[PDB]
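These notes are about the structure you will find just below.
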Number of protein chains: 2
Amino acid sequence: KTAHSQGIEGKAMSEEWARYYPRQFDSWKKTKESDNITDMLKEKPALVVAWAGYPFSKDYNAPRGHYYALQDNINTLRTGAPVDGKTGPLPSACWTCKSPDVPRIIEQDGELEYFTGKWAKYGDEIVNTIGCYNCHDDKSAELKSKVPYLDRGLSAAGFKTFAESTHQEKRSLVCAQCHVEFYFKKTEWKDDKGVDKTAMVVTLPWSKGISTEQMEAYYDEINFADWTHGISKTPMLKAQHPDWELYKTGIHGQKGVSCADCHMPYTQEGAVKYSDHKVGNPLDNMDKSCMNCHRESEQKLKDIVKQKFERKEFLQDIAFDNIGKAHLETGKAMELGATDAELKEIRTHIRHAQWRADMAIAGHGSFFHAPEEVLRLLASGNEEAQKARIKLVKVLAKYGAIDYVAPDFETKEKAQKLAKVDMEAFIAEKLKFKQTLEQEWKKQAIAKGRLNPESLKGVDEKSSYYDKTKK
Amino acid sequence: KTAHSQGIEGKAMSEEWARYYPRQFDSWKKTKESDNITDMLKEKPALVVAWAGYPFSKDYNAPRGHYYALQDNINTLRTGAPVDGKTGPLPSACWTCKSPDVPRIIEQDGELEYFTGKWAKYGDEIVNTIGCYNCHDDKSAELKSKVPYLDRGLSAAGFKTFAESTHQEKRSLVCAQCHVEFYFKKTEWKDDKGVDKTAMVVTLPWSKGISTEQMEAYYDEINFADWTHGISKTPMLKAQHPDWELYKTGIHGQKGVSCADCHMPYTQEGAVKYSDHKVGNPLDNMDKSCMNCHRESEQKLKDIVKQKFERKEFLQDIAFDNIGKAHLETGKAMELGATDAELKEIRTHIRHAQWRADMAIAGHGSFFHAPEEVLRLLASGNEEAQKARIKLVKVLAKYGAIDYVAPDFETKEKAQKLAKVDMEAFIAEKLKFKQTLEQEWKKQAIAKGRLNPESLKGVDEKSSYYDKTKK
Ligand code: HEM
Ligand code: HEM
Ligand code: HEM
Ligand code: HEM
Ligand code: HEM
Ligand code: HEM
Ligand code: HEM
Ligand code: HEM
Ligand code: HEM
Ligand code: HEM
Ligand SMILES: O=N[O-]
Ligand SMILES: O=N[O-]
Ligand SMILES: [Ca+2]
Ligand SMILES: [Ca+2]
Ligand SMILES: [Y+2]
Ligand SMILES: [Y+2]
Ligand SMILES: [Y+2]
Ligand SMILES: [Y+2]
Ligand SMILES: [Y+2]
């Protein structure tokens, strides 16, 4: 039993845990070190055309340290510029995987209430970034999943729940609270006061299993679309970082190596063993992350991962080129008068092409976690795109445009023009929000004692649209 | 030093080595056990359309035991039905990787003479199957490459020659004498008597390196084609079992695991160590072949290889479907009057698509030896085929056939009809050859003492076109 066996007052604030676990606190805080913003839309402008009509066409960056999760959620152009608790583009579900205040609020107000209303609803309550309370019981300190949708998904897929799982399974599952593909299920409900309400509930599409194809079949069955494509009017599916799903099928996952084995390796000091809580790039700490199981140089092992990255990039660029062209050729056919009936099969191929390719690349570590499935998915997605494109030639020909050449989209600027994204307007609106309502949120939270100003040091020095210089 | 330090009389006949090395002789002879004929044209009829205009569209089977190499070379419809030493479709180079009589003849008559003339030229001389003399010096018993084209290729690619290589390298290189991609270089020469002659010389296309793309660039540079496609009139490249080339880049090859480590594992008996010379499927002997380096069940490891096979099959079937369609659509465009100039880019895409896909699948173990490169190649080949097909729609449209549907080729029979292969005629001709000239070859060789009848036991009980019942 622990030194805090009756629980921790202020448990959502990781600083409250520091008196018991100074070592783990220190290393946890060190994800502050991973502060680079890589604008993925700049790196891969094809992604802009893929996500036209959807917020990811505005702003999409690579992950950085857990230290920045909450602030990046606030900064991203995707969450827009609320003026109050009732405005802004996105729902409350956007906080879910960003903060230990989330289980705090679910515990206080119930899952359905939590999932009701705008993202802006909780701006002055959900103020701590990914912390001890997202993974640890505040009495026993044992690993716990704090979000009900994980077990719900695990059960739906015929897996053991978190509590029924082994300790080694739990050492990946704590990560799977967030590092999985999800959608928002519109959920009608009535509260205690009998008021009718609508929740947007985080749901793992795992009821047919966890492969890309089973999830595709799941979504097709319920006729679900995340958005209607801004160019092709295809009913589109967005993949989000299926990190755990793809990991599960790769060789490491099959051999029972946990996320924690590479991402949180042990240091042995006599009788005591500590987990590195600085969650980052395992290739930065190979001696600890890899070399207890592998037996040659760091440089050789790094070279082999680099080869995997290169293969993935090659197939990614092919697949997203054909997907982008397919979208543009479809929009052209629409302009010439092609009907929904003439385009139905094409749009299905596009939906599936992009679902498979997005599932392949949306988990940034998947090229390594499950290298062969990643390559297969990109090949499968590209084949679907090409099937669409062959059919599109014939539709274009019917409408007198067989020689149409889809426009280029090789820069973020060109791509965003095609996708009709007015960035400068979005940025201007965002800055006003940050300068006004965001600062009010932080002020109120500090006054209430929900937020410790110490946690904000260097947290807001970068986004895709500013760099004050270092975080 | 050995018990045969002055060399072995009758060295080409492996039975001559048995007095010194009874153990290795016994296990070597046991490849007799691997006698199954799997007709690959029946399994994958798309291959027939791919190889239309070429002998592989007639007969193409999976490998079986080394015990059958020479006889399968005789049996295959590819070598046809010579009536004498001057007839038949194929050249002397077809013996090269089938027999220890090959280095015997090269040593006696010179490389260029050996490579001059028809396959039928050596029917009564090249009569022993893959034996001790293909890999071992008959004085020292050390590993040796017995064919000059291997070092020539190794040097061309900037590798060490056989003699300059390590013992562990030699333990793969002996296999690479045969288990590599090659072509025949037409070579003009003058003999001792000053007669002008033409050799067809086995050549490894390795001067730009050993990747599929470097070899593609090699072949393109010299404008080489193995054949002109029977349907599409594309200048085609045939891949042959690039087993060593693809192995070299896979993780096992990168980690320095030799072919011999899996395919010829050691048994330790006290002070003595013996190599299993029964070269076969390592999955039949996992405890010896895998489990000195891997630490879980045989069933789990077998399951993981099976998954790799499944991924490869998936991408193979896609790629060869589009390649086959591309060939057929090209033939259709030709029928309608499309010109060589209109088809030039299309034909280039087809050539490259098939080169990449054939290189991926022609080494039957490559899905395992280099799983990720195999998937990448199939994806790359398919993309080239689809590029061709998009351009083909437009050519077809110009000629009034936009809605043309390439015919199906889902059975060997249907496929061979499209490829215009009269099997029953080829088989009838072959049987006459076997019943007449082949039996004369074996008779003469036995009379001369080049062939021991004991080696023929059960050697000729199966082909793709007969099964007397068991080999
Ligand atoms: C031990 C289990 C976990 C592992 C192995 C893991 C892995 C990672 C890695 C490697 C990164 C990128 C780090 C960097 O670039 O420096 C990251 C970022 C991120 N993780 Fe996790 N994670 C885990 C737990 C969680 C949990 C429980 C959540 C949700 C509460 C979460 C949500 C996020 C978010 C939102 C980001 C992006 C942060 C940003 O860009 O601001 N992770 N994670
Ligand atoms: C639509 C509502 C959400 C918004 C606006 C949002 C925002 C963000 C942002 C801004 C990032 C940093 C990278 C980037 O620029 O995209 C991020 C990363 C991440 N988010 Fe979300 N989030 C949402 C919903 C969720 C949910 C419900 C989960 C968990 C079930 C989640 C888990 C993660 C994880 C694991 C990462 C790091 C891995 C990666 O980005 O590839 N997010 N999110
Ligand atoms: C500063 C806040 C945190 C504190 C004080 C804390 C505390 C601890 C303690 C006392 C242990 C056991 C000793 C050790 O292995 O080092 C541990 C391990 C662990 N924690 Fe945390 N933790 C924090 C944050 C997190 C978060 C956010 C996650 C989830 C993403 C997490 C996941 C894990 C995992 C997977 C282990 C290893 C468990 C095992 O190997 O049995 N921790 N932590
Ligand atoms: C980030 C650090 C690591 C790196 C860079 C790495 C690298 C690799 C690579 C390249 C493979 C070949 C499979 C593939 O094609 O990807 C592999 C497989 C494997 N690794 Fe790791 N690995 C790491 C961590 C670990 C750890 C921590 C363990 C032990 C818990 C482990 C045990 C295994 C096992 C059992 C396999 C299956 C193949 C075999 O049985 O050897 N690895 N790894
Ligand atoms: C489901 C469990 C796991 C999760 C949630 C997870 C999380 C992640 C994430 C989010 C990334 C992308 C990092 C970024 O883009 O900044 C990543 C990359 C990576 N992960 Fe994991 N990981 C898991 C399991 C593993 C395992 C078991 C290993 C080692 C065998 C491993 C080693 C790596 C490596 C080597 C990279 C790539 C680093 C680079 O290319 O720079 N991960 N992981
Ligand atoms: C130790 C090095 C070698 C390895 C690992 C190896 C591997 C193999 C394997 C696994 C098979 C299929 C066996 C079966 O299905 O039962 C095979 C067949 C074959 N090998 Fe090798 N081999 C080696 C050396 C050679 C050499 C030196 C040559 C040329 C002289 C050669 C030529 C052939 C041929 C022609 C076949 C097909 C035989 C038939 O179908 O009748 N191999 N080899
Ligand atoms: C065009 C002349 C040749 C002919 C007619 C021929 C014939 C054959 C036959 C009938 C087989 C059994 C499998 C099948 O049915 O295809 C085979 C397999 C094989 N041959 Fe040849 N061969 C020729 C040239 C060569 C050369 C020059 C080499 C070595 C450089 C070679 C190496 C092999 C190997 C390694 C196999 C087993 C691997 C596999 O088939 O995938 N062959 N050959
Ligand atoms: C019946 C005919 C053969 C005889 C009598 C013979 C003899 C021997 C002997 C005495 C050894 C050393 C002891 C041992 O490791 O078992 C050996 C090993 C070996 N042989 Fe053979 N051999 C024959 C056929 C072949 C063939 C056709 C090949 C090539 C495809 C070959 C390749 C090898 C290899 C790779 C080794 C292991 C060398 C090492 O690990 O150092 N052998 N053989
Ligand atoms: C036919 C028997 C074998 C099987 C079925 C097998 C299976 C595997 C698999 C599935 C992998 C993961 C790489 C991949 O994605 O393919 C791997 C890698 C690896 N294997 Fe094997 N293997 C065999 C033989 C061997 C042998 C004989 C050795 C030792 C000489 C060895 C040492 C390694 C090494 C060093 C790796 C790289 C990953 C690591 O460092 O663990 N393997 N093997
Ligand atoms: C260049 C060196 C090698 C050569 C020439 C070679 C030869 C071959 C050939 C010709 C096949 C196809 C067999 C058939 O279709 O009947 C094959 C398959 C196979 N080889 Fe190799 N091999 C080499 C290296 C290795 C290594 C290093 C390993 C283990 C790490 C290995 C393990 C296997 C396995 C597991 C199969 C598949 C058996 C099956 O799927 O049924 N080979 N090999
Ligand atoms: O954008 N959060 O997956
Ligand atoms: O057909 N011998 O590669
Ligand atoms: Ca989704
Ligand atoms: Ca060739
Ligand atoms: Y406290
Ligand atoms: Y990152
Ligand atoms: Y792999
Ligand atoms: Y003798
Ligand atoms: Y076989």
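Every chain in the structure tokens takes a letter, A first, then B, and so on in the order presented; its residues are numbered from 1, and the ligands are numbered from 1 following the presented order.
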
From a DSSP pass on the backbone, collect the residues of region 248-386 of chain A flagged as strand (DSSP E) and hand them back as JSON, numbers by chain. {"A": [266, 267, 268, 269, 272, 273, 274, 275]}

Leaving out region 453-469 of chain B and any residue of its chain fewer than 5 positions from it, which residues lie within 9 Å of it when counting only C-alpha atoms, given as a tab-separated table (two decimals) with N, CA, C and O atoms, in the first residue's frame?
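selection-v7.tsv was written with the following content:
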chain	number	residue	atom	x	y	z
B	15	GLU	N	28.30	-39.93	-56.43
B	15	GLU	CA	28.52	-41.27	-55.86
B	15	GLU	C	30.01	-41.57	-55.54
B	15	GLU	O	30.31	-42.29	-54.59
B	32	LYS	N	15.59	-36.30	-52.81
B	32	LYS	CA	14.64	-37.21	-53.51
B	32	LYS	C	13.25	-37.15	-52.90
B	32	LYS	O	12.26	-37.32	-53.60
B	35	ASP	N	9.48	-34.37	-53.99
B	35	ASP	CA	9.16	-34.75	-55.37
B	35	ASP	C	7.87	-34.16	-55.91
B	35	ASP	O	7.43	-34.54	-56.98
B	36	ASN	N	7.23	-33.24	-55.20
B	36	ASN	CA	5.95	-32.74	-55.68
B	36	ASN	C	6.09	-31.77	-56.85
B	36	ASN	O	6.97	-30.91	-56.84
B	37	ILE	N	5.26	-31.96	-57.87
B	37	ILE	CA	5.14	-31.03	-58.98
B	37	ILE	C	3.92	-30.15	-58.70
B	37	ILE	O	2.79	-30.64	-58.67
B	38	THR	N	4.17	-28.87	-58.47
B	38	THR	CA	3.12	-27.86	-58.41
B	38	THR	C	3.19	-27.03	-59.67
B	38	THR	O	4.18	-26.33	-59.91
B	39	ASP	N	2.16	-27.17	-60.50
B	39	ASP	CA	2.07	-26.45	-61.76
B	39	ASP	C	1.68	-24.99	-61.44
B	39	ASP	O	0.51	-24.71	-61.10
B	59	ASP	N	5.09	-24.05	-69.74
B	59	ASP	CA	5.37	-24.92	-68.61
B	59	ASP	C	6.20	-24.12	-67.59
B	59	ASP	O	7.23	-23.53	-67.93
B	60	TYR	N	5.70	-24.12	-66.37
B	60	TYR	CA	6.35	-23.43	-65.23
B	60	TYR	C	5.82	-24.02	-63.94
B	60	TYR	O	4.65	-23.87	-63.59
B	61	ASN	N	6.71	-24.74	-63.25
B	61	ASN	CA	6.39	-25.43	-62.00
B	61	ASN	C	7.21	-24.86	-60.85
B	61	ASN	O	8.25	-24.22	-61.09
B	67	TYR	N	17.61	-33.28	-56.25
B	67	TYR	CA	17.62	-34.64	-56.87
B	67	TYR	C	16.97	-34.66	-58.27
B	67	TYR	O	17.35	-35.49	-59.11
B	68	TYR	N	15.99	-33.76	-58.48
B	68	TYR	CA	15.22	-33.69	-59.73
B	68	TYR	C	15.67	-32.61	-60.74
B	68	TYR	O	15.08	-32.51	-61.81
B	71	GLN	N	16.59	-33.72	-64.36
B	71	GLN	CA	15.45	-34.37	-65.03
B	71	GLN	C	14.33	-33.35	-65.34
B	71	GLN	O	13.65	-33.44	-66.39
B	72	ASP	N	14.15	-32.38	-64.45
B	72	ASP	CA	13.13	-31.36	-64.67
B	72	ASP	C	13.52	-30.45	-65.84
B	72	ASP	O	12.67	-30.06	-66.66
B	75	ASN	N	12.56	-32.53	-68.72
B	75	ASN	CA	11.10	-32.72	-68.82
B	75	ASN	C	10.35	-31.47	-69.22
B	75	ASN	O	9.32	-31.54	-69.89
B	76	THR	N	10.85	-30.30	-68.79
B	76	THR	CA	10.04	-29.11	-68.95
B	76	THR	C	9.68	-28.88	-70.43
B	76	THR	O	10.50	-29.11	-71.31
B	77	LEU	N	8.44	-28.46	-70.72
B	77	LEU	CA	8.10	-28.14	-72.13
B	77	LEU	C	8.98	-27.01	-72.68
B	77	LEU	O	9.16	-26.86	-73.89
B	128	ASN	N	24.41	-35.81	-64.70
B	128	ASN	CA	24.31	-35.91	-63.25
B	128	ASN	C	23.57	-34.69	-62.73
B	128	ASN	O	23.70	-33.62	-63.32
B	129	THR	N	22.78	-34.86	-61.68
B	129	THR	CA	22.11	-33.71	-61.07
B	129	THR	C	23.04	-33.03	-60.04
B	129	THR	O	24.02	-33.63	-59.60
B	427	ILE	N	3.14	-31.14	-75.92
B	427	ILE	CA	3.25	-32.35	-75.10
B	427	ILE	C	3.52	-33.59	-75.98
B	427	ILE	O	4.38	-34.42	-75.67
B	442	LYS	N	20.69	-41.19	-72.28
B	442	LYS	CA	20.93	-41.91	-71.01
B	442	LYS	C	21.69	-43.22	-71.27
B	442	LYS	O	22.65	-43.56	-70.56
B	446	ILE	N	25.49	-43.92	-69.81
B	446	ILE	CA	25.73	-45.08	-68.97
B	446	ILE	C	26.86	-45.93	-69.61
B	446	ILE	O	27.75	-46.40	-68.91

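Every protein, DNA or RNA residue with an atom at most 8 Å from region 133-139 of chain A, where only C-alpha atoms count and chain neighbours fewer than 5 positions away do not, is listed here: residues 2, 4, 5, 6, 7, 8, 11, 12, 13, 14, 99, 100, 103, 144, 145, 146 and 174 of chain A.
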
Could the residues in this selection be written to a file with N, CA, C and O atoms, as an mmCIF file, in the first residue's frame?
data_model
loop_
_atom_site.group_PDB
_atom_site.id
_atom_site.type_symbol
_atom_site.label_atom_id
_atom_site.label_comp_id
_atom_site.auth_asym_id
_atom_site.auth_seq_id
_atom_site.Cartn_x
_atom_site.Cartn_y
_atom_site.Cartn_z
ATOM 1 N N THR A 2 0.255 2.393 -0.407
ATOM 2 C CA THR A 2 1.010 3.595 -0.724
ATOM 3 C C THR A 2 1.014 4.584 0.437
ATOM 4 O O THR A 2 0.306 4.407 1.431
ATOM 5 N N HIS A 4 -0.345 7.370 0.040
ATOM 6 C CA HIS A 4 -1.529 8.204 -0.250
ATOM 7 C C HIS A 4 -2.768 7.322 -0.375
ATOM 8 O O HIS A 4 -3.646 7.539 -1.233
ATOM 9 N N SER A 5 -2.855 6.338 0.527
ATOM 10 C CA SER A 5 -3.828 5.260 0.420
ATOM 11 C C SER A 5 -5.282 5.716 0.473
ATOM 12 O O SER A 5 -6.165 4.996 0.002
ATOM 13 N N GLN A 6 -5.527 6.910 1.007
ATOM 14 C CA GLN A 6 -6.874 7.479 1.020
ATOM 15 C C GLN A 6 -7.147 8.410 -0.195
ATOM 16 O O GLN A 6 -8.206 9.006 -0.303
ATOM 17 N N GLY A 7 -6.200 8.489 -1.126
ATOM 18 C CA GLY A 7 -6.395 9.317 -2.321
ATOM 19 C C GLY A 7 -5.611 10.604 -2.247
ATOM 20 O O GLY A 7 -5.013 10.913 -1.206
ATOM 21 N N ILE A 8 -5.579 11.347 -3.355
ATOM 22 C CA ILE A 8 -4.795 12.590 -3.421
ATOM 23 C C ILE A 8 -5.716 13.796 -3.655
ATOM 24 O O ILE A 8 -6.468 13.836 -4.625
ATOM 25 N N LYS A 11 -5.903 15.655 -7.203
ATOM 26 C CA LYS A 11 -5.339 14.536 -7.997
ATOM 27 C C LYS A 11 -5.167 14.787 -9.509
ATOM 28 O O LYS A 11 -4.267 14.216 -10.128
ATOM 29 N N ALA A 12 -6.023 15.620 -10.109
ATOM 30 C CA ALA A 12 -5.909 15.889 -11.534
ATOM 31 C C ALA A 12 -4.631 16.662 -11.842
ATOM 32 O O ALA A 12 -4.142 16.580 -12.940
ATOM 33 N N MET A 13 -4.092 17.403 -10.867
ATOM 34 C CA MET A 13 -2.909 18.229 -11.084
ATOM 35 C C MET A 13 -1.693 17.349 -10.796
ATOM 36 O O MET A 13 -1.471 16.952 -9.649
ATOM 37 N N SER A 14 -0.927 17.000 -11.834
ATOM 38 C CA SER A 14 0.209 16.087 -11.622
ATOM 39 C C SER A 14 1.212 16.599 -10.561
ATOM 40 O O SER A 14 1.874 15.794 -9.918
ATOM 41 N N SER A 99 -5.963 15.566 -21.325
ATOM 42 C CA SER A 99 -5.945 16.108 -19.954
ATOM 43 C C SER A 99 -6.447 15.145 -18.862
ATOM 44 O O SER A 99 -7.410 14.407 -19.082
ATOM 45 N N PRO A 100 -5.829 15.197 -17.642
ATOM 46 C CA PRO A 100 -6.362 14.425 -16.488
ATOM 47 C C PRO A 100 -7.642 15.092 -15.919
ATOM 48 O O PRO A 100 -8.376 14.474 -15.116
ATOM 49 N N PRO A 103 -11.025 12.717 -16.914
ATOM 50 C CA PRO A 103 -11.663 11.815 -15.938
ATOM 51 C C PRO A 103 -12.249 12.520 -14.694
ATOM 52 O O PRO A 103 -13.306 12.103 -14.202
ATOM 53 N N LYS A 144 -4.472 2.155 -14.484
ATOM 54 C CA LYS A 144 -5.918 2.124 -14.723
ATOM 55 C C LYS A 144 -6.225 2.826 -16.049
ATOM 56 O O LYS A 144 -5.557 3.809 -16.375
ATOM 57 N N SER A 145 -7.200 2.304 -16.807
ATOM 58 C CA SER A 145 -7.866 3.088 -17.848
ATOM 59 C C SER A 145 -8.921 3.982 -17.197
ATOM 60 O O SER A 145 -9.793 3.497 -16.457
ATOM 61 N N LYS A 146 -8.878 5.276 -17.506
ATOM 62 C CA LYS A 146 -9.830 6.225 -16.877
ATOM 63 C C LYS A 146 -10.984 6.611 -17.788
ATOM 64 O O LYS A 146 -11.796 7.481 -17.431
ATOM 65 N N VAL A 174 -2.980 1.312 -21.206
ATOM 66 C CA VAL A 174 -3.026 2.704 -20.701
ATOM 67 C C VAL A 174 -2.805 3.716 -21.838
ATOM 68 O O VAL A 174 -3.462 4.766 -21.867
#

Can you tell me which residues surround residue 328 (chain B) at a distance of at most 9 Å, considering only C-alpha atoms, apart from same-chain residues fewer than 3 positions away, and format the answer as a ChimeraX atom specification? /B:49,231-232,323-325,331-333,406-407,418

Using the selection just defined, write its residues with N, CA, C and O atoms as a PDB file, in the first residue's frame.
ATOM      1  N   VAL B  49      -0.672 -15.167 -69.229  1.00  0.00           N
ATOM      2  CA  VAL B  49      -0.863 -13.924 -69.988  1.00  0.00           C
ATOM      3  C   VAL B  49       0.434 -13.075 -69.893  1.00  0.00           C
ATOM      4  O   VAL B  49       0.925 -12.588 -70.930  1.00  0.00           O
ATOM      5  N   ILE B 231       1.143 -10.772 -76.946  1.00  0.00           N
ATOM      6  CA  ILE B 231      -0.094 -10.001 -77.053  1.00  0.00           C
ATOM      7  C   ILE B 231       0.154  -8.502 -77.271  1.00  0.00           C
ATOM      8  O   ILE B 231      -0.431  -7.894 -78.193  1.00  0.00           O
ATOM      9  N   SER B 232       0.990  -7.904 -76.417  1.00  0.00           N
ATOM     10  CA  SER B 232       1.126  -6.450 -76.382  1.00  0.00           C
ATOM     11  C   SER B 232       2.296  -5.932 -77.206  1.00  0.00           C
ATOM     12  O   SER B 232       2.430  -4.712 -77.372  1.00  0.00           O
ATOM     13  N   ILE B 323      -1.464  -6.165 -64.742  1.00  0.00           N
ATOM     14  CA  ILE B 323      -0.500  -6.445 -65.803  1.00  0.00           C
ATOM     15  C   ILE B 323      -1.203  -7.201 -66.950  1.00  0.00           C
ATOM     16  O   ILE B 323      -1.080  -6.819 -68.110  1.00  0.00           O
ATOM     17  N   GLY B 324      -1.943  -8.260 -66.611  1.00  0.00           N
ATOM     18  CA  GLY B 324      -2.624  -9.077 -67.647  1.00  0.00           C
ATOM     19  C   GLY B 324      -3.606  -8.243 -68.447  1.00  0.00           C
ATOM     20  O   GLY B 324      -3.639  -8.322 -69.687  1.00  0.00           O
ATOM     21  N   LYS B 325      -4.432  -7.473 -67.738  1.00  0.00           N
ATOM     22  CA  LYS B 325      -5.367  -6.561 -68.406  1.00  0.00           C
ATOM     23  C   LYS B 325      -4.623  -5.567 -69.308  1.00  0.00           C
ATOM     24  O   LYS B 325      -5.093  -5.299 -70.411  1.00  0.00           O
ATOM     25  N   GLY B 331      -3.124  -5.163 -76.804  1.00  0.00           N
ATOM     26  CA  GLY B 331      -3.385  -6.006 -77.989  1.00  0.00           C
ATOM     27  C   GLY B 331      -4.656  -5.553 -78.705  1.00  0.00           C
ATOM     28  O   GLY B 331      -4.689  -5.470 -79.949  1.00  0.00           O
ATOM     29  N   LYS B 332      -5.677  -5.217 -77.919  1.00  0.00           N
ATOM     30  CA  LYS B 332      -6.931  -4.677 -78.454  1.00  0.00           C
ATOM     31  C   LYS B 332      -6.666  -3.350 -79.208  1.00  0.00           C
ATOM     32  O   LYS B 332      -7.134  -3.187 -80.345  1.00  0.00           O
ATOM     33  N   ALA B 333      -5.910  -2.436 -78.587  1.00  0.00           N
ATOM     34  CA  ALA B 333      -5.572  -1.154 -79.220  1.00  0.00           C
ATOM     35  C   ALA B 333      -4.829  -1.406 -80.541  1.00  0.00           C
ATOM     36  O   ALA B 333      -5.104  -0.746 -81.541  1.00  0.00           O
ATOM     37  N   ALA B 406     -11.340  -6.261 -71.099  1.00  0.00           N
ATOM     38  CA  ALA B 406     -10.330  -7.282 -71.393  1.00  0.00           C
ATOM     39  C   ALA B 406     -10.862  -8.683 -71.016  1.00  0.00           C
ATOM     40  O   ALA B 406     -11.548  -8.837 -70.001  1.00  0.00           O
ATOM     41  N   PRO B 407     -10.580  -9.704 -71.854  1.00  0.00           N
ATOM     42  CA  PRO B 407     -11.170 -11.014 -71.501  1.00  0.00           C
ATOM     43  C   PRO B 407     -10.600 -11.606 -70.210  1.00  0.00           C
ATOM     44  O   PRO B 407      -9.494 -11.214 -69.779  1.00  0.00           O
ATOM     45  N   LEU B 418      -5.659 -17.458 -74.844  1.00  0.00           N
ATOM     46  CA  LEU B 418      -5.345 -16.062 -75.124  1.00  0.00           C
ATOM     47  C   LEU B 418      -3.903 -15.880 -75.586  1.00  0.00           C
ATOM     48  O   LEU B 418      -3.634 -15.028 -76.422  1.00  0.00           O
TER      49      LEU B 418
END

I need the contact residues of chain A against chain B, so if you could list those with any atom within 10 Å, counting only C-alpha atoms, and return them as number ranges by chain, that would help. A: 250-251, 254-255, 296, 300, 304, 307-308, 311-312, 314-315, 318-319, 322, 371-380, 382-383, 386-387, 389-394, 397-398, 402-403
